[PDB]
Amino acid sequence: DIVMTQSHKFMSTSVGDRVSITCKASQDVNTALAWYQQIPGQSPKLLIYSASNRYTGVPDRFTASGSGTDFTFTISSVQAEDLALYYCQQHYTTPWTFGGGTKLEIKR
Amino acid sequence: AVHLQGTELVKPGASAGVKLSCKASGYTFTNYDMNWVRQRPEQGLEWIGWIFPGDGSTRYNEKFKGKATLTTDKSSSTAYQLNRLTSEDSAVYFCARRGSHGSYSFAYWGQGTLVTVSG
Amino acid sequence: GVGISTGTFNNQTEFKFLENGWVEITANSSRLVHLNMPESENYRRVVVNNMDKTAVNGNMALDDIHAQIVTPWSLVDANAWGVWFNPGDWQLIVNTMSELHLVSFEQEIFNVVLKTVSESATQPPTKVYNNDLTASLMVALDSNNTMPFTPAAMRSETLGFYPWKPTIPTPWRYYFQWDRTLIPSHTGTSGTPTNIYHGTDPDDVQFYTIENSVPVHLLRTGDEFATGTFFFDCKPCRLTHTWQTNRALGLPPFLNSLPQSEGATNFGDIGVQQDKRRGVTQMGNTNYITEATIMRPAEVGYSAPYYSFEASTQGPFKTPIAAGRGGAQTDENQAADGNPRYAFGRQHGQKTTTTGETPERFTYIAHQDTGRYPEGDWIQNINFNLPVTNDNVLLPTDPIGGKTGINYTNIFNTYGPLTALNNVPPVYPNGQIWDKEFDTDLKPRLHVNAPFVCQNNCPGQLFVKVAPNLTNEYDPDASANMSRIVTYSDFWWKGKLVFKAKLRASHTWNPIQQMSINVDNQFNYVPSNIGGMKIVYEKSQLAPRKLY
């Protein structure tokens, strides 16, 4: 059972900025990591699979990287519909474990 | 066109189990296993197990062993989950399917089915 | 005729002690085989295809995409050890004889009975079973070996292992040709490796029919089909194992320091230091003559790449291993690789009063100490210095290719011209008795599944079928399926396998290991209160012999 830790529960963002959401795994997963966007009350949406590849139809402002234990998630220009709960899931071994989730919010 | 359709929001007592469902549509049912994911509002998302409709090959995790049993109904394209204990496990139960790639990264989810167990 | 019986049930193994040293084991075996009519009287070409388990990247070894031809013909296979010998008669080959070879094989079919079921049903669902004295049973013996050889103990579909229990024949089928490609992967690959089923190459298309190749006999109720006696020509199978590795061959070093008080930590010592000993080393530039580096005549066993999945025209497969190591370095969870694991049902060794879908399994751990322990291998440099440094030794701990779970011994092969290895032991009751040698030009030295391999020709496979009992409304111009009267047939089978074994002798002072019955397994060999029988597996190479 690989435990997944995201570096922040809440990340203050401005519209048009550049946010780096980080997931850190306990065991070395090779790329083996998926990124999910869940507006609350809705089903999560698969953005990134295998820690680098974009899902078909996901817009190109979301980029992701990482290999090993340290992974990052990047939105190049944060918009109004990018402020959601961002989840980190590993598809390395069973059981598939999700991250804690990170809520992008407005810098007040 | 691929679409998953969970059942409505259930209200059980804290003694027994209530079976959930997820009718699949827009794709051949037997080519993809149906994973079940639980989302408590405190614990994040939790993967329960999968079920291939190809002669019923299940896996689970260890915290969901006698807690929930997955079945499928072939030739009607729907999945099931018993949730036998149902003590404090009021959460949203998701019906997820893999996607076009091959890695276990769920592309098509259900709409969520909220279980509310209480006294 | 109708009320005249055409044979005799015989199920006794008969030991004829002929001249000095040799026994003539004649294993009779006779069953009641229950056959019902096929679901369709056509030769289909069904392609099995899963893209739900091999389409997920990470399990390429869950691939079972094939193309085959399902025939209306059934197969009466008797190629397993337990069809012939009950456990009290392993027991008398296995610790009394020393070698064993296979002499002849007969087959008969007698007391053929065909019946038809017809529901009356005013309002029961009840059935009426009446005899058909003119319905035929089609029997075809492939004596020329024209059919594809499909040995049915690799699928655990043989006749049953108990004489008093009726059995069934297996609905024969064979592999059609297909092409496919499966590029390997793991859980973290980016993209999608190819998983394409191409089709059938139109040079290796082979569609066999029993009708066009075999003469078929139509057995009515008074009719008996006896085949001939097929005389084998195989090598003898040794019922004794070898305990010697490549470290117990030859002359031991002269211990000129012997222990003076007998005990458990009083070791003898060679009084000469290692760089001053005499002997032949093959290491060229070192003066050390130890027990590990002293020159041996050959090499016993070989190393093979374990869990290596090769690929070819029609999908991945595992490379077979000949290997066995009994007890010392094997723990209870992962004994070894290359030792076979059998799975079987209530007809073939499982307890017949267990209601369940899952089979019963064992892993046959052979007594021959001819395998390899890959955790104790090391490749080191040619300089051979006193204690070896990290950049001069290849351990099984360091990664090869970057994979921490893959070392060099996962890809290591030491098959050479000096490798000596033994044949596979029999596996009572589930292993094959005889296999067929390949029709290639450079044949393998072993078969991993059977101890006897028939070089020139194999016994003919016996195919049975219920001849079509048609209704009065039939025409062969409708695309819809054929309508038949529901027929089934209960015929009696009887085989006779003749062996020839040599009684073992007593070479050593001490008693050797013998298969026995004791308190913790006395109930595997008797029924239990319902009639629940089982046949547990027994070892086959109990006695030791010296390799050198």
# chains A, B, ... in the order shown; residues from 1 in each chain; ligands from 1

call {"tool": "interface_residues", "arguments": {"of": "chain A", "to": "chain B", "cutoff": "8 Å", "atoms": "only C-alpha atoms", "output": "ChimeraX atom specification"}}
result
/A:32,34,42-46,49-50,89-91,94-101

call {"tool": "closest_atom_pairs", "arguments": {"of": "chain B", "to": "chain C", "cutoff": "12 Å", "atoms": "only C-alpha atoms", "output": "CSV"}}
result
residue,atom,partner,partner_atom,distance
B:28,CA,C:52,CA,10.8
B:29,CA,C:52,CA,10.0
B:30,CA,C:52,CA,7.3
B:31,CA,C:52,CA,4.7
B:32,CA,C:52,CA,5.3
B:33,CA,C:52,CA,7.0
B:34,CA,C:52,CA,10.8
B:50,CA,C:52,CA,11.9
B:51,CA,C:52,CA,10.7
B:52,CA,C:52,CA,7.6
B:53,CA,C:52,CA,9.3
B:54,CA,C:52,CA,8.1
B:55,CA,C:52,CA,11.5
B:56,CA,C:52,CA,11.9
B:57,CA,C:53,CA,9.9
B:58,CA,C:53,CA,11.9
B:97,CA,C:52,CA,11.4
B:98,CA,C:56,CA,8.8
B:99,CA,C:56,CA,9.8
B:100,CA,C:192,CA,8.6
B:101,CA,C:192,CA,5.8
B:102,CA,C:56,CA,4.4
B:103,CA,C:187,CA,5.9
B:104,CA,C:187,CA,7.6
B:105,CA,C:187,CA,10.2

call {"tool": "write_last_selection", "arguments": {"atoms": "C-alpha atoms", "output": "PDB file, in the first residue's frame"}}
result
ATOM      1  CA  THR B  28     -19.233  -3.254 -25.018  1.00  0.00           C
ATOM      2  CA  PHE B  29     -19.566  -4.179 -21.362  1.00  0.00           C
ATOM      3  CA  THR B  30     -17.192  -7.123 -21.198  1.00  0.00           C
ATOM      4  CA  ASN B  31     -14.055  -5.354 -22.443  1.00  0.00           C
ATOM      5  CA  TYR B  32     -13.557  -3.137 -19.377  1.00  0.00           C
ATOM      6  CA  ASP B  33     -13.704  -3.885 -15.680  1.00  0.00           C
ATOM      7  CA  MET B  34     -15.836  -1.695 -13.439  1.00  0.00           C
ATOM      8  CA  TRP B  50     -12.776  -4.033  -9.672  1.00  0.00           C
ATOM      9  CA  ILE B  51     -14.901  -6.629 -11.416  1.00  0.00           C
ATOM     10  CA  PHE B  52     -14.439  -7.908 -14.925  1.00  0.00           C
ATOM     11  CA  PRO B  53     -17.718  -9.099 -16.461  1.00  0.00           C
ATOM     12  CA  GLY B  54     -15.545 -11.731 -18.172  1.00  0.00           C
ATOM     13  CA  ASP B  55     -16.514 -14.556 -15.802  1.00  0.00           C
ATOM     14  CA  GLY B  56     -16.251 -12.435 -12.668  1.00  0.00           C
ATOM     15  CA  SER B  57     -12.615 -11.804 -11.765  1.00  0.00           C
ATOM     16  CA  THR B  58     -12.651  -9.537  -8.715  1.00  0.00           C
ATOM     17  CA  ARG B  97     -14.135   2.689 -15.874  1.00  0.00           C
ATOM     18  CA  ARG B  98     -10.572   2.698 -17.183  1.00  0.00           C
ATOM     19  CA  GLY B  99     -10.408   4.419 -20.563  1.00  0.00           C
ATOM     20  CA  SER B 100      -8.632   4.134 -23.853  1.00  0.00           C
ATOM     21  CA  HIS B 101      -5.049   4.015 -22.631  1.00  0.00           C
ATOM     22  CA  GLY B 102      -4.226   0.958 -20.579  1.00  0.00           C
ATOM     23  CA  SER B 103      -3.082   2.379 -17.254  1.00  0.00           C
ATOM     24  CA  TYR B 104      -5.401   2.251 -14.257  1.00  0.00           C
ATOM     25  CA  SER B 105      -6.391   5.901 -14.501  1.00  0.00           C
TER      26      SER B 105
END

call {"tool": "closest_residue", "arguments": {"among": "A:56, A:77, A:69, A:38", "to": "residue 2 (chain A)", "atoms": "only C-alpha atoms"}}
result
A:69

call {"tool": "select_by_dssp", "arguments": {"residues": "chain A", "states": "strand (DSSP E or B)", "output": "number ranges by chain"}}
result
A: 4-6, 10-13, 19-29, 33-38, 45-49, 53-54, 62-66, 68-75, 85-90, 97-98, 102-106

call {"tool": "write_last_selection", "arguments": {"atoms": "C-alpha atoms", "output": "compact mmCIF listing (two decimals), in the first residue's frame"}}
result
# COMPACT_ATOMS: atom_id res chain seq x y z
CA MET A 4 0.46 9.48 -1.37
CA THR A 5 1.08 12.91 0.17
CA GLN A 6 0.22 16.19 -1.51
CA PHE A 10 -4.98 24.66 -0.24
CA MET A 11 -2.98 26.65 -2.79
CA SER A 12 -3.64 30.37 -3.15
CA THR A 13 -3.87 31.26 -6.83
CA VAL A 19 0.55 27.08 -9.92
CA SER A 20 2.68 24.03 -9.07
CA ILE A 21 0.70 21.33 -7.27
CA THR A 22 3.02 18.65 -5.89
CA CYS A 23 2.31 15.01 -5.00
CA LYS A 24 4.92 12.94 -3.19
CA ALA A 25 4.75 9.16 -3.03
CA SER A 26 6.14 6.81 -0.40
CA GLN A 27 7.45 4.14 -2.78
CA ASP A 28 9.23 4.83 -6.06
CA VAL A 29 6.57 4.73 -8.78
CA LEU A 33 0.60 8.65 -11.64
CA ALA A 34 -2.73 10.15 -12.63
CA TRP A 35 -4.07 13.65 -11.97
CA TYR A 36 -7.75 14.28 -11.33
CA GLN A 37 -9.78 17.50 -11.25
CA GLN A 38 -12.97 17.43 -9.19
CA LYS A 45 -12.09 14.21 -14.34
CA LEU A 46 -8.95 12.50 -15.61
CA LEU A 47 -6.44 15.08 -16.80
CA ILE A 48 -3.00 13.43 -16.79
CA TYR A 49 -2.05 9.76 -17.00
CA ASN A 53 0.55 12.43 -20.90
CA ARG A 54 -2.48 14.63 -21.37
CA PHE A 62 -2.34 21.69 -17.74
CA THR A 63 1.12 20.14 -17.86
CA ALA A 64 2.56 17.58 -15.48
CA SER A 65 5.95 16.07 -14.76
CA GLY A 66 7.84 13.91 -12.32
CA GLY A 68 10.17 8.55 -8.92
CA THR A 69 8.76 10.02 -5.73
CA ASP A 70 8.42 13.73 -6.57
CA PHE A 71 5.72 14.79 -9.03
CA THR A 72 4.40 18.19 -10.00
CA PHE A 73 1.27 19.50 -11.67
CA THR A 74 1.36 22.78 -13.55
CA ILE A 75 -1.31 25.13 -14.87
CA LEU A 85 -9.89 20.10 -5.99
CA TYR A 86 -6.87 18.44 -7.59
CA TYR A 87 -6.24 14.77 -6.84
CA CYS A 88 -3.22 12.54 -7.28
CA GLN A 89 -3.65 8.85 -8.02
CA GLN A 90 -1.01 6.21 -8.64
CA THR A 97 -4.36 5.01 -3.66
CA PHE A 98 -5.38 8.62 -4.18
CA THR A 102 -5.42 20.17 -3.11
CA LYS A 103 -7.95 23.00 -3.40
CA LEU A 104 -6.92 25.87 -5.67
CA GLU A 105 -8.37 29.11 -4.30
CA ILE A 106 -8.16 32.87 -4.69

call {"tool": "residues_around", "arguments": {"residues": "region 175-182 of chain C", "least_positions_apart": "3", "cutoff": "12 Å", "atoms": "only C-alpha atoms", "output": "JSON, numbers by chain"}}
result
{"C": [43, 44, 45, 46, 47, 48, 49, 51, 54, 55, 56, 57, 58, 59, 60, 61, 62, 63, 64, 65, 66, 67, 68, 69, 70, 71, 147, 148, 149, 150, 172, 185, 192, 193, 194, 195, 196, 197, 198, 199, 200, 201, 202, 203, 204, 205, 206, 207, 208, 309, 310, 311, 312, 313, 314, 315, 316, 317]}

call {"tool": "write_last_selection", "arguments": {"atoms": "C-alpha atoms", "output": "PDB file, in the first residue's frame"}}
result
ATOM      1  CA  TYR C  43     -16.743 -27.625 -37.424  1.00  0.00           C
ATOM      2  CA  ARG C  44     -16.649 -24.059 -36.166  1.00  0.00           C
ATOM      3  CA  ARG C  45     -13.593 -21.808 -36.224  1.00  0.00           C
ATOM      4  CA  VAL C  46     -13.801 -19.842 -32.995  1.00  0.00           C
ATOM      5  CA  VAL C  47     -11.300 -17.102 -32.176  1.00  0.00           C
ATOM      6  CA  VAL C  48     -10.786 -16.587 -28.455  1.00  0.00           C
ATOM      7  CA  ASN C  49      -9.989 -12.950 -27.750  1.00  0.00           C
ATOM      8  CA  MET C  51      -9.041  -7.337 -24.511  1.00  0.00           C
ATOM      9  CA  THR C  54      -4.180  -8.150 -21.709  1.00  0.00           C
ATOM     10  CA  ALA C  55      -5.316  -4.698 -22.856  1.00  0.00           C
ATOM     11  CA  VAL C  56      -4.466  -3.293 -19.427  1.00  0.00           C
ATOM     12  CA  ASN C  57      -0.753  -2.558 -19.598  1.00  0.00           C
ATOM     13  CA  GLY C  58       1.037  -4.562 -16.949  1.00  0.00           C
ATOM     14  CA  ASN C  59      -0.185  -8.131 -17.398  1.00  0.00           C
ATOM     15  CA  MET C  60       1.059  -9.450 -20.717  1.00  0.00           C
ATOM     16  CA  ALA C  61       1.217 -12.943 -19.193  1.00  0.00           C
ATOM     17  CA  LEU C  62      -2.592 -13.012 -18.950  1.00  0.00           C
ATOM     18  CA  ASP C  63      -2.769 -13.473 -22.730  1.00  0.00           C
ATOM     19  CA  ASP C  64      -4.850 -16.344 -24.081  1.00  0.00           C
ATOM     20  CA  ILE C  65      -5.757 -15.084 -27.541  1.00  0.00           C
ATOM     21  CA  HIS C  66      -5.880 -18.086 -29.843  1.00  0.00           C
ATOM     22  CA  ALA C  67      -7.907 -19.437 -32.744  1.00  0.00           C
ATOM     23  CA  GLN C  68      -9.173 -23.000 -32.729  1.00  0.00           C
ATOM     24  CA  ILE C  69     -11.586 -25.431 -34.357  1.00  0.00           C
ATOM     25  CA  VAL C  70     -14.265 -26.937 -32.127  1.00  0.00           C
ATOM     26  CA  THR C  71     -15.297 -30.319 -33.520  1.00  0.00           C
ATOM     27  CA  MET C 147      -4.899 -35.557 -36.519  1.00  0.00           C
ATOM     28  CA  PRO C 148      -3.211 -32.881 -34.404  1.00  0.00           C
ATOM     29  CA  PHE C 149      -1.842 -34.550 -31.300  1.00  0.00           C
ATOM     30  CA  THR C 150      -3.638 -32.967 -28.360  1.00  0.00           C
ATOM     31  CA  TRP C 172     -12.053 -32.524 -28.937  1.00  0.00           C
ATOM     32  CA  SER C 185       4.537  -3.047 -20.812  1.00  0.00           C
ATOM     33  CA  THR C 192      -0.428   2.199 -25.703  1.00  0.00           C
ATOM     34  CA  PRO C 193       1.665  -0.795 -26.791  1.00  0.00           C
ATOM     35  CA  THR C 194       0.191  -2.704 -29.690  1.00  0.00           C
ATOM     36  CA  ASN C 195      -2.243  -5.544 -29.001  1.00  0.00           C
ATOM     37  CA  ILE C 196      -3.365  -6.490 -32.485  1.00  0.00           C
ATOM     38  CA  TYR C 197      -4.827  -9.810 -33.587  1.00  0.00           C
ATOM     39  CA  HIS C 198      -3.882  -9.870 -37.263  1.00  0.00           C
ATOM     40  CA  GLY C 199      -5.693 -12.879 -38.656  1.00  0.00           C
ATOM     41  CA  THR C 200      -4.650 -16.173 -40.213  1.00  0.00           C
ATOM     42  CA  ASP C 201      -1.606 -16.573 -42.431  1.00  0.00           C
ATOM     43  CA  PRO C 202      -2.811 -18.310 -45.621  1.00  0.00           C
ATOM     44  CA  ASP C 203       0.130 -20.686 -45.845  1.00  0.00           C
ATOM     45  CA  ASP C 204      -0.275 -22.364 -42.450  1.00  0.00           C
ATOM     46  CA  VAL C 205      -4.028 -22.978 -42.825  1.00  0.00           C
ATOM     47  CA  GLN C 206      -4.837 -26.563 -41.828  1.00  0.00           C
ATOM     48  CA  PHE C 207      -8.481 -27.596 -41.428  1.00  0.00           C
ATOM     49  CA  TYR C 208      -8.689 -31.247 -40.400  1.00  0.00           C
ATOM     50  CA  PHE C 309       8.441 -14.747 -21.775  1.00  0.00           C
ATOM     51  CA  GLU C 310       9.555 -15.207 -25.359  1.00  0.00           C
ATOM     52  CA  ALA C 311       7.398 -14.202 -28.308  1.00  0.00           C
ATOM     53  CA  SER C 312       6.799 -15.563 -31.781  1.00  0.00           C
ATOM     54  CA  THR C 313       4.321 -15.408 -34.675  1.00  0.00           C
ATOM     55  CA  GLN C 314       1.297 -15.990 -32.457  1.00  0.00           C
ATOM     56  CA  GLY C 315       1.794 -14.429 -29.056  1.00  0.00           C
ATOM     57  CA  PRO C 316       3.983 -14.667 -25.974  1.00  0.00           C
ATOM     58  CA  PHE C 317       4.826 -17.880 -24.154  1.00  0.00           C
TER      59      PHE C 317
END

call {"tool": "closest_residue", "arguments": {"among": "A:84, A:3, A:92, A:41", "to": "chain C", "atoms": "only C-alpha atoms"}}
result
A:92

call {"tool": "closest_residue", "arguments": {"among": "A:14, A:30, A:67, A:76", "to": "chain C", "atoms": "only C-alpha atoms"}}
result
A:30

call {"tool": "atom_distance", "arguments": {"atom1": "CA of residue 370 (chain C)", "atom2": "CA of residue 318 (chain C)"}}
result
21.0 Å

call {"tool": "closest_residue", "arguments": {"among": "A:40, A:9, A:107, A:61", "to": "residue 79 (chain A)", "atoms": "only C-alpha atoms"}}
result
A:61

call {"tool": "atom_distance", "arguments": {"atom1": "CA of residue 470 (chain C)", "atom2": "CA of residue 135 (chain C)"}}
result
10.4 Å

call {"tool": "closest_residue", "arguments": {"among": "C:403, C:334, C:429, C:476", "to": "chain A", "atoms": "only C-alpha atoms"}}
result
C:403

call {"tool": "atom_distance", "arguments": {"atom1": "CA of residue 381 (chain C)", "atom2": "CA of residue 337 (chain C)"}}
result
27.9 Å

call {"tool": "closest_residue", "arguments": {"among": "C:402, C:131, C:97, C:184", "to": "chain A", "atoms": "only C-alpha atoms"}}
result
C:402

call {"tool": "residues_around", "arguments": {"residues": "residue 449 (chain C)", "least_positions_apart": "6", "cutoff": "9 Å", "atoms": "only C-alpha atoms", "output": "PDB file with C-alpha atoms, in the first residue's frame"}}
result
ATOM      1  CA  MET C 154      -2.178 -30.812 -19.808  1.00  0.00           C
ATOM      2  CA  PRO C 340       5.176 -27.971 -12.288  1.00  0.00           C
ATOM      3  CA  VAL C 424      11.421 -35.545 -15.633  1.00  0.00           C
ATOM      4  CA  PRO C 426       6.446 -39.304 -13.201  1.00  0.00           C
ATOM      5  CA  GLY C 431       1.181 -36.486 -15.120  1.00  0.00           C
ATOM      6  CA  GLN C 432       1.251 -37.820 -18.647  1.00  0.00           C
ATOM      7  CA  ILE C 433       2.561 -41.287 -19.307  1.00  0.00           C
ATOM      8  CA  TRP C 434       3.683 -40.894 -22.917  1.00  0.00           C
ATOM      9  CA  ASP C 435       4.168 -37.925 -25.225  1.00  0.00           C
TER      10      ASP C 435
END
